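Working notes for the structure below.
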Amino acid sequence: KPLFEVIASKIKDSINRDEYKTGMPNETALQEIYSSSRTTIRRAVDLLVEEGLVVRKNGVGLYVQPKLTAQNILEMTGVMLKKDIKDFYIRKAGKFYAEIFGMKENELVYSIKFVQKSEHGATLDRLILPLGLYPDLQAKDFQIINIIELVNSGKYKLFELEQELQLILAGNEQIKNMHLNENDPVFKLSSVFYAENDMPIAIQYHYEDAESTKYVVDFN
Amino acid sequence: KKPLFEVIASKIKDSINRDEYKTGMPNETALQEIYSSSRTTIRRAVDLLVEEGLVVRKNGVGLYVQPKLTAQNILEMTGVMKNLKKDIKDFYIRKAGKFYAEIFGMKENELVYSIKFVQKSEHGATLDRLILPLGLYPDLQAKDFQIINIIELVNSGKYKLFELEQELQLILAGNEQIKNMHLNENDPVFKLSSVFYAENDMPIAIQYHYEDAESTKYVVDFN
């Protein structure tokens, strides 16, 4: 078995025992820790990335991916009616979020997706929080009971909220998570949270079934 | 001549005009003393002021001066002199009534500020209505009701903002939307309702925001 695979397994263990914390040693440090080559480390880390265990901060270092253990789920939501977490992971901002946040598209953001049983059907929420703006949070700190509190828990204080409201056709996200049919009408409430001086610090998308006995929505 | 209650109402009006009394005054008993007049005379003077929309009673409690949208206050509240800015249509004190009393968990006869403003946007004018209970924003004068940043304003009273609860609806345009947003009757409108809470499940403010829901991508057929 190749060395890089051996080292990747060794690092997986370190991650399993919370030795490396989301919120780890860079690749140069890993060379020294494992007395191995740059190439060996790069290939070991490539494998861990592919498995979704860690993520690189281009030209900076390495982050461990958050894990939705029963314990972290308990910390974040209070459970085990309520809020069910579907996804929590770190990803590059990409171009779309880079323009909104005014950051580099290869810089990292947290992406959180959760569903909630409500009045008329399940609702779906997506939260995007730039890693550089919420530096000190560990997975258990990402409590989703109160979104205002969460958005306020990072490096900057929440100052202002800017919101957009739309009617859209149910997409794959909605049909799957909200139990809707192709093209059913859905309210999309988009929120951009700002710190002072026009600095966006978080984005949120909230979706609800728009069906009603009062009207019919007809999309072209 | 001019009856005494009217003479006294004029003097109170004068005091109001010179900001001796203002939003954020002596109660009716103190007025009896100040003007050396009867309970009945003072009650009639105040009735006159209330009718003129210059003051409002707090059930027994006392007397509040109604805020004034003078040029100065408007400048203070919105930063605007004399679009894409905020234009105040209404600012006054009123009883909560059943509907708001139930939301705030307060007494129907207790007072709230009602603020209405309009804003030019991409898909036309939007309309906002804010409700802030007096007892939760006791120390604010007229010029303190800055509406540049609603979160800042909601956070500026007795309690700190802790949580936000929102409701999303499609409604038919009513008179408010007709006049203020230049829509036709039964035009579809987005209504975004916000309830702002302090810690421990205590509502401190309500906001209703309205936007034209017309789109080139769908039509809304109301029943």
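Residues are named by chain letter and number: chains run A, B, ... in the order of the structure tokens, numbers start at 1 in each chain, and ligands are numbered from 1 in the order shown.
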Query raised in the report: When the cut-off is 9 Å and we count only C-alpha atoms, which residues of chain A are near chain B, given as an MDAnalysis selection string?
Result: chainID A and resid 146:149 159:161 165:168 187 189 208 210 213:220
Serialized selection, C-alpha atoms, as an mmCIF file, in the first residue's frame:
```cif
data_model
loop_
_atom_site.group_PDB
_atom_site.id
_atom_site.type_symbol
_atom_site.label_atom_id
_atom_site.label_comp_id
_atom_site.auth_asym_id
_atom_site.auth_seq_id
_atom_site.Cartn_x
_atom_site.Cartn_y
_atom_site.Cartn_z
ATOM 1 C CA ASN A 146 -31.738 31.770 16.751
ATOM 2 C CA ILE A 147 -30.347 32.909 13.415
ATOM 3 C CA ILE A 148 -29.879 36.510 14.574
ATOM 4 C CA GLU A 149 -27.769 35.305 17.480
ATOM 5 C CA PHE A 159 -25.887 46.097 12.096
ATOM 6 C CA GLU A 160 -28.475 45.820 9.327
ATOM 7 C CA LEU A 161 -30.666 43.447 7.371
ATOM 8 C CA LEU A 165 -38.899 38.470 -1.640
ATOM 9 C CA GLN A 166 -39.756 36.364 -4.688
ATOM 10 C CA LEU A 167 -42.206 33.797 -5.982
ATOM 11 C CA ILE A 168 -40.406 30.942 -7.761
ATOM 12 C CA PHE A 187 -41.853 31.975 -1.548
ATOM 13 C CA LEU A 189 -37.042 35.108 1.157
ATOM 14 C CA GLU A 208 -41.874 28.272 2.071
ATOM 15 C CA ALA A 210 -46.700 29.474 -1.450
ATOM 16 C CA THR A 213 -56.837 28.666 -0.903
ATOM 17 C CA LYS A 214 -56.961 32.402 -1.632
ATOM 18 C CA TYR A 215 -55.276 32.310 -5.036
ATOM 19 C CA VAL A 216 -53.650 30.358 -7.839
ATOM 20 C CA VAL A 217 -50.178 31.184 -9.121
ATOM 21 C CA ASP A 218 -49.757 30.543 -12.835
ATOM 22 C CA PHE A 219 -46.211 30.501 -14.203
ATOM 23 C CA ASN A 220 -45.997 31.202 -17.953
#
```
**Report entry** Residues near residue 27 in chain A, cut-off 9 Å, only C-alpha atoms, skip fewer than 5 positions along chain, as a list in words
**Finding:** residues 32, 38, 41, 42, 45, 61 and 62 of chain A
How would the residues just chosen look if you wrote them out with C-alpha atoms as a CSV table (one decimal), in the first residue's frame?
```csv
chain,number,residue,atom,x,y,z
A,32,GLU,CA,7.7,17.1,9.6
A,38,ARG,CA,6.0,17.4,0.1
A,41,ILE,CA,1.8,15.0,1.9
A,42,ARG,CA,0.1,16.6,-1.1
A,45,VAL,CA,-4.2,15.5,1.5
A,61,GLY,CA,-3.4,26.0,5.0
A,62,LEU,CA,-5.8,23.2,5.8
```
Query raised in the report: Looking only at the backbone, which of the residues in range 66-126 of chain B does DSSP tag as helix (DSSP H, G or I), as a ChimeraX atom specification?
Result: /B:71-78,97-104
Requested in this report: Identify which of the residues A:54, A:169, A:127, A:85 lies closest to residue 69 in chain A, counting only C-alpha atoms when measuring atom-to-atom distances.
Outcome: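 Closest candidate: A:85.
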Give me the residues within 9 Å of residue 174 in chain A as a PDB file with N, CA, C and O atoms, in the first residue's frame, counting only C-alpha atoms and dropping any in the same chain fewer than 6 places off.
```
ATOM      1  N   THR A 123     -40.337  23.856   5.740  1.00  0.00           N
ATOM      2  CA  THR A 123     -39.613  24.972   5.146  1.00  0.00           C
ATOM      3  C   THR A 123     -38.141  24.594   5.021  1.00  0.00           C
ATOM      4  O   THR A 123     -37.664  23.703   5.709  1.00  0.00           O
ATOM      5  N   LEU A 124     -37.429  25.273   4.135  1.00  0.00           N
ATOM      6  CA  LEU A 124     -36.028  24.991   3.910  1.00  0.00           C
ATOM      7  C   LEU A 124     -35.198  26.271   4.045  1.00  0.00           C
ATOM      8  O   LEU A 124     -35.539  27.298   3.468  1.00  0.00           O
ATOM      9  N   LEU A 180     -42.536  18.924  -2.245  1.00  0.00           N
ATOM     10  CA  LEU A 180     -43.346  19.643  -3.208  1.00  0.00           C
ATOM     11  C   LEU A 180     -43.190  18.974  -4.563  1.00  0.00           C
ATOM     12  O   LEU A 180     -42.315  18.123  -4.751  1.00  0.00           O
ATOM     13  N   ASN A 181     -44.037  19.360  -5.506  1.00  0.00           N
ATOM     14  CA  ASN A 181     -43.971  18.825  -6.857  1.00  0.00           C
ATOM     15  C   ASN A 181     -43.290  19.809  -7.792  1.00  0.00           C
ATOM     16  O   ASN A 181     -43.259  21.011  -7.527  1.00  0.00           O
ATOM     17  N   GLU A 182     -42.737  19.294  -8.884  1.00  0.00           N
ATOM     18  CA  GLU A 182     -42.137  20.145  -9.898  1.00  0.00           C
ATOM     19  C   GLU A 182     -43.047  21.340 -10.166  1.00  0.00           C
ATOM     20  O   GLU A 182     -44.238  21.176 -10.450  1.00  0.00           O
ATOM     21  N   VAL A 186     -43.440  28.725  -4.672  1.00  0.00           N
ATOM     22  CA  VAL A 186     -42.683  28.794  -3.436  1.00  0.00           C
ATOM     23  C   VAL A 186     -42.239  30.224  -3.185  1.00  0.00           C
ATOM     24  O   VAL A 186     -41.736  30.884  -4.098  1.00  0.00           O
ATOM     25  N   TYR A 207     -37.165  29.282   2.212  1.00  0.00           N
ATOM     26  CA  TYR A 207     -38.202  28.862   1.267  1.00  0.00           C
ATOM     27  C   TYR A 207     -39.434  28.329   1.989  1.00  0.00           C
ATOM     28  O   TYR A 207     -39.322  27.498   2.899  1.00  0.00           O
ATOM     29  N   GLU A 208     -40.607  28.791   1.564  1.00  0.00           N
ATOM     30  CA  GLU A 208     -41.874  28.272   2.071  1.00  0.00           C
ATOM     31  C   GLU A 208     -42.820  27.967   0.921  1.00  0.00           C
ATOM     32  O   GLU A 208     -42.798  28.629  -0.114  1.00  0.00           O
ATOM     33  N   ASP A 209     -43.653  26.959   1.120  1.00  0.00           N
ATOM     34  CA  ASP A 209     -44.735  26.653   0.207  1.00  0.00           C
ATOM     35  C   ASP A 209     -45.597  27.907   0.037  1.00  0.00           C
ATOM     36  O   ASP A 209     -45.997  28.529   1.022  1.00  0.00           O
TER      37      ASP A 209
END
```
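With only C-alpha atoms as the atoms that count, the residue of B:49, B:93, B:181, B:173 with the shortest distance to residue 128 in chain B is B:181.
For the residues A:56, A:47, A:99, A:132, ranking by smallest atom-to-atom distance to residue 25 in chain A using only C-alpha atoms places A:56 first.
Among the candidates A:16, A:22, A:133, A:8, the one nearest to residue 36 in chain A when counting only C-alpha atoms is A:8.
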Query raised in the report: For the atom pair CA of residue 90 in chain A and CA of residue 58 in chain A, what is the interatomic distance in Å to one decimal place?
Result: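 Taking CA of residue 90 in chain A as the start and CA of residue 58 in chain A as the end point, the length is 13.1 Å.
CA of residue 209 in chain B to CA of residue 153 in chain A spans 27.2 Å [interatomic distance, one decimal].
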Query raised in the report: Could you pull out the strand (DSSP E) residues of chain B from DSSP and send them as a ChimeraX atom specification?
Result: /B:55-58,62-65,86-95,111-121,124-133,163-172,188-198,202-212,218-222
